[PDB]
Amino acid sequence: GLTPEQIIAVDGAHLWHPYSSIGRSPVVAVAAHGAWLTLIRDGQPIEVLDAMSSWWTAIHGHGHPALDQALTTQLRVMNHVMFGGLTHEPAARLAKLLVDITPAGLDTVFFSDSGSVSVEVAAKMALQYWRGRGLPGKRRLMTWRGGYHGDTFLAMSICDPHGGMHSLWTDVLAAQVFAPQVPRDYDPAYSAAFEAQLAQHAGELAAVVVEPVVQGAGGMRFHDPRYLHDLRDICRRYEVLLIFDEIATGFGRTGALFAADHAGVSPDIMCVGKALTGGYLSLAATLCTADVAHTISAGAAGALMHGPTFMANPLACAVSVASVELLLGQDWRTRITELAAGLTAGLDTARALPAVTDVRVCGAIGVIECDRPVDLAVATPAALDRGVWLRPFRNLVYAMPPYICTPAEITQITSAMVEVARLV
Amino acid sequence: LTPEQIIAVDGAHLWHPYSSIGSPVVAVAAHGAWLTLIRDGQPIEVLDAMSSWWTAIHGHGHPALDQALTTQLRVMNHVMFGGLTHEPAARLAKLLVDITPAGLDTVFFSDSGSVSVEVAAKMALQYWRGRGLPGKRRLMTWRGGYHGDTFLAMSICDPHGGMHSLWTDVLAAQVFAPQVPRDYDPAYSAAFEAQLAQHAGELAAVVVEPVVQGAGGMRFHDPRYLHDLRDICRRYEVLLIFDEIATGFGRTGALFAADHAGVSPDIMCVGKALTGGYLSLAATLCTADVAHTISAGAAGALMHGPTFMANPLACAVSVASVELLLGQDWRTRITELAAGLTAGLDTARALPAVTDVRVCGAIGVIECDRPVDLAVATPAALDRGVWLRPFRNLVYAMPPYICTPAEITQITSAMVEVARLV
Ligand SMILES: *Cc1c(COP(=O)(O)O)cnc(C)c1O
Ligand SMILES: *Cc1c(COP(=O)(O)O)cnc(C)c1O
């Protein structure tokens, strides 16, 4: 065991954090329950709201009794078995649910252990698909700027070149095709231009890959769902697969079960993750259509050569089943609409603040965009004083709260955001 | 769902590893070294001779691991590792730093082995960029290797005999030395050095599996090669990366296979047995020098950060698994396992279809003169109360460390009968 001081000491010497350095200070978390984290501030444990849902994951809050129970129930019977030559109930139950609730036509599921991996699996499916059609020249990807798809090297290649620091990786990453930043408001001219650019690359392109409706890590930007309708149409006419990365948008977050639903379109391949397990454990999945699966499987190449060791882990699958069932068993649509309303009401006053350039809400996502970078040394202690854990990045103050947050809690979260923006 | 229903859903909707779409056996329980599987409508108990792909070193449902998991679950399932830290991450980092080859002082947690390999590569590239030598961006390895299924990991898989052979045209083009031989031959090392010499200015790192190459063909090599690799890399200023995702945590008879050579790499990857086979977790360790050079470079930071980085549940069960291993005389245990495998597999050498029998720690291998047909091997093993998963021309086992001598004997007996049927 360790005290918070010893935790800090070990951490400082030995632990890498996300996109950070060694030797160039994290706060100790000692507990988490419901929408609340218990953190150590100046030696004292304080409870603060998890306004980020621990990076989109904790949709039902932490330690939800239904999810805890599902995990302990599975733990008593079978922790894990290899998915090579064996199958099990949690995998089957989850696959059936996912095929049932995702956009029409996605009826095969490949489980993996993280979002980045599921994106690489998606790309491999796309590339292998065209090889299966005797068109191995179709091996590039196309996306629009502003996106994020994970940190592995292939995933990096489709991340926004700036957000992704591609300047530090020149000569290393695959060279992919980038369309301009998709605008917020629908402009048919944008889709016409996208089509024209894609058309000249069509014989070289395996797939278009995008985050539908909301671009998360790349800048919390929203775009009209009609663009997705356009992409589906362009992809169909030029024979390029469409891949939706719903790793952040999945499971109700944008006000629809999957953001694709806002557009009423179905991609050829889809990735889900983050909230899949209700934020308990790492699990991801890549779904594809019957046509994709068979075309791969009928290829001379044959099998899809991917197989994570912990593929379809019974514990992760079991909690995900429970997380998904819990979401489906409640009036989730009304819950998100309410959250969206609370965020809109709460954030409204920031729009008139001097440093604020935009205020936007989409389902259970609220964003204040400022006219300059947000100083974390100022923002964090402010938010903590107000009982809220916020993680601004760049010029963005934002939140994606647990679905279980009460009106009072949403008011607390937004009040802390508005204050952070005021201090900007 | 009943077993028949599971099979129905699975055939319709589930993609399995390394396979096409369009039958698996239903597993319904796991306890200790035993799986309960359903065969012809009836539950049967079979030994998990594969430790569930090399993960379940303490067996399934071990009370110490189960309780570590439920204890952590009561307190905190997960928080984002951005701006926060926690006891499970710190306890595990401290353990890993203490038990791995000397000099490995920093720990980057990720969710899978393939990711940890990409993290290792990113460390190496960023390191040289930090030194002002961005031309050092290629990797070198020897043939016969396997490092995962993500695109960077694939680039260092064996390019002809390896599982990723069909992708070679789209992968980064790396530098390959010939297959490392089993017995030590100074001429092999000299040739490796001569090859590396000509690429030194473009090489970020040498990356290899130490002592045992797993998925590439369960081949063993003399630890002395690792000593030469360390020497060569030091002299030519190329980083040395060991992928111990398969070999770690006692599997080869030493705590880490590098220990057989007394060598420390600059960067090291671990996974699989890290969590005792409960949950997915991996880690990439590097020296203080590598970390600082990255941190002081133009980037100012290592540009990677998985959503579930340092997951408290996975870290907590890993802590318990490592402590359980260290808290017993694991070396004697593995030596006893190895003796049992050796004695049990000895009669396979005489069989007509068997080309080699070899054992290294708790790994036992019968190499056959043809690819093993699973449709024949699987039922033959199940009839003998053992779950075996051959691949290529290999019938092999990596049993849980908790297997008794009788259980090892049952495992090796089934392997021999499988080899007899080939
Ligand atoms: C977070 C994210 C990923 C990467 O998921 P990891 O589990 O961190 O590898 C990929 N795509 C999107 C849209 C994401 O938000
Ligand atoms: C299994 C393995 C990996 C990859 O582990 P995954 O969890 O399947 O990504 C990498 N390297 C070696 C040596 C391995 O044995």
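For chain B, we keep the numbers from Swiss-Prot: what you see runs 8-29, 34-433, in order.
Cβ coordinates come from backbone N, Cα and C, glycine included.
Swiss-Prot has this to say about the protein:
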- B:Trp64, B:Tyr157, B:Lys283, B:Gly316, B:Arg400: substrate binding site (BINDING)
- B:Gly124, B:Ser125, B:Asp254, B:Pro317, B:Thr318: pyridoxal 5'-phosphate binding site (BINDING)
- B:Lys283: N6-(pyridoxal phosphate)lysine (MOD_RES)
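In this entry, B:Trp64 stand out among the binding-site residues B:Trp64, B:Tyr157, B:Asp254 as having a C-beta under 8 A from a C-beta of chain A.
For the binding-site residues listed here (B:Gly124, B:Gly316, B:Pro317), the lowest count of other CB atoms within 10 A around the CB belongs to B:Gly316.
Unmodelled segment: 4 residues between B:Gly29 and B:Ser34, spanning 9 Å (Cα to Cα, whole number). Comparing CA positions across the binding-site residues B:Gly124, B:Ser125, B:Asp254, B:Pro317, B:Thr318, the one lying closest to B:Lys283 (substrate binding site) turns out to be B:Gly124. Selection of the binding-site residues B:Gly124, B:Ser125, B:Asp254, B:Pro317 by a Cβ distance under 6 Å from ligand 2 yields, in sequence order, B:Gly124, B:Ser125, B:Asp254.
Ligand 1 lies under 6 Å from the Cβ of the following binding-site residues, listed in sequence order from B:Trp64, B:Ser125, B:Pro317: B:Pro317. Take B:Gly124, B:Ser125, B:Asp254, B:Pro317, B:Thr318, the residues named in the record as contacts for pyridoxal 5'-phosphate: the widest Cα to Cα gap among them comes to 23 Å. Cβ-based neighbour count (10 Å, all protein chains) for B:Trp64 (substrate binding site) stands at 25.
Cα-Cα distances to B:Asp254 (pyridoxal 5'-phosphate binding site) place B:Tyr157 within 10 Å, out of the binding-site residues B:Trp64, B:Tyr157, B:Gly316, B:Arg400. Of the listed binding-site residues, namely B:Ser125, B:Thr318, the sparsest Cβ surroundings within 10 Å are found at B:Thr318. Summarising the environment of B:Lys283 (substrate binding site), the number of other Cβ atoms within 10 Å of its Cβ, over all protein chains shown, is 30.
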